[PDB]
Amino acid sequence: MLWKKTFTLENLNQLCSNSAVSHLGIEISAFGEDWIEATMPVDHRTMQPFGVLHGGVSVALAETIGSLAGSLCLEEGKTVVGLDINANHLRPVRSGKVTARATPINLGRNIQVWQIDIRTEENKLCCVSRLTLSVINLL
């Protein structure tokens, strides 16, 4: 597969425990040959005071799954550091959970670029984001 490291969803969620990731109710939910997803509930933990998904939190989810995906595409001795991220919020979301799928745009020796698209339970696109990661050698 695209991944260079071995892993399990159980282990990834264990790794993300007791942090902002688990605090937001984010869960690494599934993965394929060249994509990985995380879900996040749409509730008082992730909504703006007026009842809709908080766009800033949608970006937090995007950076989470994209950075995780990036790290899984590196051998031991190397990791990724988030350089920058951007996102367009396309529509309001007020219930259920959203699903963010991270897919690679380009994985180079020094820089990785990831695409993260977030959809509602109705499979409607609510946010599109791009993440730029720096590949560092733990030397």
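For every residue, the number given is its place in the sequence shown, counted from 1.
Going by the B-factors listed in the PDB entry, is the mean over the C-alpha atoms higher for 119-127 or for 20-28? Higher mean C-alpha B-factor in the PDB entry: 119-127.
Would you determine, from the values in the PDB entry, which of 33-41 and 62-70 has the greater average C-alpha temperature factor? According to the PDB entry, the answer is 33-41.
Specify which of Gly82, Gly51, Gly56, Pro92 carries the largest Cα B factor in the deposited PDB entry. Max CA B-factor in the entry, restricted to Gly82, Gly51, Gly56, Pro92: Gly51.
Ranked by Cα temperature factor within the chain, is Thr8 in the lowest third, the middle third or the highest third? It belongs to the highest third of the chain when residues are ordered by C-alpha B-factor.
Going by the recorded CA B-factors, say which third of the chain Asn137 sits in, lowest, middle or highest. Within its chain, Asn137 is a highest-third residue by C-alpha B-factor, going by the deposited values.
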